[PDB]
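>
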Amino acid sequence: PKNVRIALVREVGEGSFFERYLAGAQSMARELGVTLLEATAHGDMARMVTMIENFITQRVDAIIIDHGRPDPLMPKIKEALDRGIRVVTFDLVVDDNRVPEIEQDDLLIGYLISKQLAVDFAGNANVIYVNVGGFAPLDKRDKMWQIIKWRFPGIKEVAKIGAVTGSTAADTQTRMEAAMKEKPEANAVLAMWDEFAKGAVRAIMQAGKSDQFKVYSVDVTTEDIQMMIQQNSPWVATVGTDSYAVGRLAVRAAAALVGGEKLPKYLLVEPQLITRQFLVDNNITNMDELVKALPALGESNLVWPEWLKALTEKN
Amino acid sequence: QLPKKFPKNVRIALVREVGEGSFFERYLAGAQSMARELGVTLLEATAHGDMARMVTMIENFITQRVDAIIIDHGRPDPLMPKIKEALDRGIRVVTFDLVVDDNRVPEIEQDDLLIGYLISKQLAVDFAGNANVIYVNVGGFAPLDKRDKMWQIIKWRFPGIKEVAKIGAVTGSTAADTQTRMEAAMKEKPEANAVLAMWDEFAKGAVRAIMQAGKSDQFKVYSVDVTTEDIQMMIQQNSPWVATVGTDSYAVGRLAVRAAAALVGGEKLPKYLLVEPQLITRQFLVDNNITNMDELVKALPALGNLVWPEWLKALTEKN
Ligand SMILES: CSC[C@H]1O[C@H](O)[C@H](O)[C@@H]1O
Ligand SMILES: CSC[C@H]1O[C@H](O)[C@H](O)[C@@H]1O
């Protein structure tokens, strides 16, 4: 029934990754036949707190907290839990055994993409690093970049740029055009969100510098694929998941808790290395095609209790 | 084309820091079977932990003007000048488990950063991010130090995963010495309920200490490396040994000889030759009735193609 109300509260909604996650979640809600309520704070942590309050006051069955920072949200999460509202997070670490945490295995992601850069350059590169602090997934990936710089000391960070603005791709493009003049020795880009990467790449192609750079990113969408497969694209590899299936999982997890199910504390969606060469060799032009060609992207597996699986069948 | 220098005349020296335990014995067996297959001559010297002995061994092989040296473990500061000298004399060098700042020297490893991440995360997740861990590892070894970094990151991501003791030394009787240490560590930290041991010789000691004390159900042990000995000890009833992450060391050893032989043939090799490591759970061994490495590789083919230039694989056909 639609008596079951699940609220999705997000910090960030810009870009195809977040849009597809959102579609994912709506698609899963529709299959269960539950009511999904959405709210998005666009970077404003005060507004995010008040949105979570609205859902506590409305006494929803569950809240999904998407991104955010622990420090402001933590007492709101405790309050919600104490009132019988189930809580699951995506991309937020919470110290409470009642709250399953969903993530894309960000430590692995930060390791796979940073090593890919390292090995491709036989351990010697001048890297423009595109990332920013204060986001769970970004901080996790960051740690592994630091370990790659330790293991491969010829892999040098010559710049760190980037900010999450709500026009991130467009603002990263501008930054990257200044960064290339400031750091003419740079020959690689490591961008820890596809919206960062998109700006970097566009800056590279406009400058006519596609031969001078290799770009390594996180995440994959049809837009990323389209940009990867362009002739002379400097965009070499990305690591990520189908965010569509991640948003479904988020809603399934929430529904499972409402049904009284006890979930694992950590729900790790397994990320995949996707190279330009793999896409080009396989004539992949969109995500349908990609998940067909790399089926490890399309995996069923997490959080399908029998009752819930049976329920989706019915509808 | 078959390179001119290729076959018994091709001499390859394997200089090792450490030789104790089945992992290392199996690597050596593998190297010998690969040398047998190429028809080349493999020379072996093992320093058993003495860096000064290690330097003299490398130097003996330089003087003998072998075609190539494999440097196995060791530390870069003591060894770097012997490596550079060798390179200048036209001796080809490849390493296993030693990081070298020179583009002429391929480095073989088991992707130790991934190993350290995979095993440490497996512990974290099995305990839902709360555990009191006895950490068994020591500094001064390339692979151990790489794995160590990933342990530190797991402690950061999962702050309920607590290090309550660090133990271990590499001694020549490491398993037996780690048993003794583990007996004392369990008494000093009775709250401890997991072990993370970054070499199977450390793990073996820890597990035997646990079983002797009768505490198999109060502990879960996570390690690196896999051998038939490890398998046998994992599949025992009530074993606390629940998972290890590793590679087939025999194939790592074959690889090291192949690489060496490739360089002598004039081939340019990748700078990094990472052997892909695998998660191997006690549960997976039991469900599939695995009792030895033969059976594990068969059951898990990813443990099963690096550095096979045409001439080299063709050469192994003729022999
Ligand atoms: C601004 S945080 C952006 C990242 O969050 C999600 O985890 C996506 O993977 C994206 O890379
Ligand atoms: C003493 S160093 C021991 C480690 O080196 C080898 O690489 C094996 O993986 C072992 O764990």
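So the sequences go chain by chain: A and C.
Everything in the first sequence is counted per the entry's author numbering, starting at 32 for the first residue and increasing by one.
Numbers 24 to 29, 32 to 329, 332 to 346, taken from the entry's author numbering, label the letters of the second sequence in order.
Note that CB positions come from ideal geometry on N, CA and C, so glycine has one too.
Select from the segment 111 to 136 of chain A all residues with a C-beta closer than 7 angstroms to any C-beta belonging to chain C, and list them in chain order.
Residues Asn128.
> Could you name each continuous beta strand (DSSP E) segment of 3 residues or more that falls completely within the segment 85 to 112 of chain C, going from the start of the chain to the end?
Fully enclosed beta strand (DSSP E) runs of 3 or longer: 93 to 97.
> Going by C-alpha to C-alpha distance, which of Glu134/A, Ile159/A and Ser264/A sits closest to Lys296/A?
Comparing Cα-Cα distances from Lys296/A to each of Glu134/A, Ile159/A and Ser264/A, the minimum goes to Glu134/A.
> Within the same chain, show all residues whose beta-carbon is closer than 8 angstroms to that of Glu62/A, passing over the 5 residues directly before and after it, in chain order.
Excluding sequence neighbours, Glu62/A sits near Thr343 and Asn346.
> For residue 330/C, would you say it is in contact with chain A, using Cβ-to-Cβ distances shorter than 9 angstroms as the test?
A gap in chain C, from 329 straight to 332, means residue 330/C has no coordinates in the model shown.
> In the segment 205 to 267 of chain C, which residue ranges form an unbroken beta strand (DSSP E) of at least 3 residues, counting only runs that do not cross its ends?
As far as the segment 205 to 267 of chain C is concerned, its whole beta strand (DSSP E) runs of at least 3 residues are 219 to 222 and 245 to 249.
> What number of angstroms, rounded off, separates the C-alpha of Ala149/A from the C-alpha of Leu148/C?
Straight-line Cα distance between these residues: approximately 28 angstroms.
> List the residues of chain A whose Cβ lies closer than 7 angstroms to the Cβ of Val311/C, in chain order.
What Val311/C touches in chain A: nothing, since even the nearest Cβ is about 22 angstroms away.
> CA-CA distance, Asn218/C and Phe244/C?
Straight-line Cα distance between these residues: approximately 5 angstroms.
> Does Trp181/A get closer than 9 angstroms to chain C when you measure Cβ to Cβ?
By this cut-off, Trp181/A is an interface position.
> Given that a residue counts as buried once 16 or more other Cβ atoms are within 10 Å of its Cβ, and exposed if not, what is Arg51/A?
Buried, because 16 or more other Cβ atoms sit within 10 Å of the Cβ of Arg51/A.
> What separation, rounded to the nearest whole angstrom, lies between the Cα atoms of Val334/A and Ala281/A?
Approximately 10 angstroms, taken between the alpha carbons.
> Measuring only the C-alpha atoms, how far is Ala190/A from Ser241/C?
Cα-Cα distance, rounded: 51 angstroms.
> Along chain C, in chain order, which residues have C-beta atoms closer than 9 angstroms to that of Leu138/A?
Ordered by position in chain C, the residues that pass the 9 angstroms Cβ test against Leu138/A are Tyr142, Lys146, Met175, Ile178, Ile179 and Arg182.
> Would you mind sorting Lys174/C into buried or exposed? The rule is 16 or more other CB atoms within 10 Å of its CB.
It counts as buried.
> In the structure shown, what three-state DSSP assignment does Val300/C receive?
Three-state result, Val300/C: coil.
> Strictly under 9 angstroms for the Cβ-Cβ distance: is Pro32/A near chain C by that measure?
Answer no: the Cβ-Cβ gap between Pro32/A and chain C never drops below 9 angstroms.
> Note down, in chain order, all residues in the segment 284 to 316 of chain C with a beta-carbon under 9 angstroms from any beta-carbon belonging to chain A.
Residues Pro295, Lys296, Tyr297 and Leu299.
> Could you check which residue in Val40/C, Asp92/C and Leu67/C has the C-alpha nearest to that of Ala77/C?
Measuring from the Cα of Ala77/C, the nearest candidate turns out to be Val40/C.
> Of all the CB atoms in chain A, is at least one closer than 9 angstroms to the CB of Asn332/C?
With 9 angstroms as the cut-off, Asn332/C does not count as an interface residue toward chain A.
> Apart from the five residues just before and just after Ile159/A, which ones in its own chain have a Cβ nearer than 6 angstroms to its Cβ?
Excluding sequence neighbours, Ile159/A sits near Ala190, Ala210, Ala217 and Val220.
> Closest to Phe183/C by C-alpha separation, out of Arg100/C, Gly193/C, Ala153/C and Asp97/C, would be which residue?
Checked all of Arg100/C, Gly193/C, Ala153/C and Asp97/C; the closest Cα to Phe183/C is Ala153/C.
> Any chance the CB of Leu169/A is under 8 angstroms from a heavy atom of ligand 1?
It does: the Cβ of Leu169/A is within 8 angstroms (strictly closer) of some heavy atom of ligand 1.
> Excluding the 5 residues preceding and the 5 following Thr272/A in the sequence, name in chain order all residues of the same chain whose CB lies nearer than 6 angstroms to its CB.
Result list for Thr272/A: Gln135, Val300 and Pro302, in chain order.
> Within 10 Å of its beta-carbon, does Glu110/A have 16 or more other beta-carbons around it, so buried, or fewer, so exposed?
With fewer than 16 other Cβ atoms within 10 Å, it is exposed.
> Identify, in the order they occur along the chain, each residue of the same chain with its Cβ nearer than 6 angstroms to the Cβ of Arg206/A, setting aside the five sequence neighbours on each side.
Here the set comprises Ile192.
> If the cut-off is 7 angstroms on Cβ atoms, which residues from the segment 148 to 159 of chain A count as contacting chain C, listed in chain order?
If the cut-off is 7 angstroms between Cβ atoms, the segment 148 to 159 of chain A has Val150, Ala153 and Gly154 near chain C.
> Out of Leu310/C, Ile179/C, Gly141/C and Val119/C, point me to the one whose CA is closest to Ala156/C's CA.
Ranking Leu310/C, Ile179/C, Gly141/C and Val119/C by Cα distance to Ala156/C puts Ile179/C first.
> May I ask you to list, following chain order, the residues of the segment 185 to 206 of chain A that have a beta carbon less than 9 angstroms from some beta carbon of chain C?
Cβ contacts with chain C come from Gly185.
> Considering only residues of the same chain and omitting the five flanking positions on each side of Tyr275/C, which have a CB-CB separation below 8 angstroms?
Cβ neighbours of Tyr275/C beyond the five flanking positions: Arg51, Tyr52, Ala54, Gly55, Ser58 and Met318.
> Would you verify that the beta carbon of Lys109/A is, or is not, closer than 9 angstroms to some beta carbon of chain C?
By this cut-off, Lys109/A is not an interface position.
> Using 9 angstroms as the threshold, is the C-beta distance between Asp202/A and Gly185/A below it?
No, the pair does not count as a contact, with Cβ atoms beyond the cut-off.
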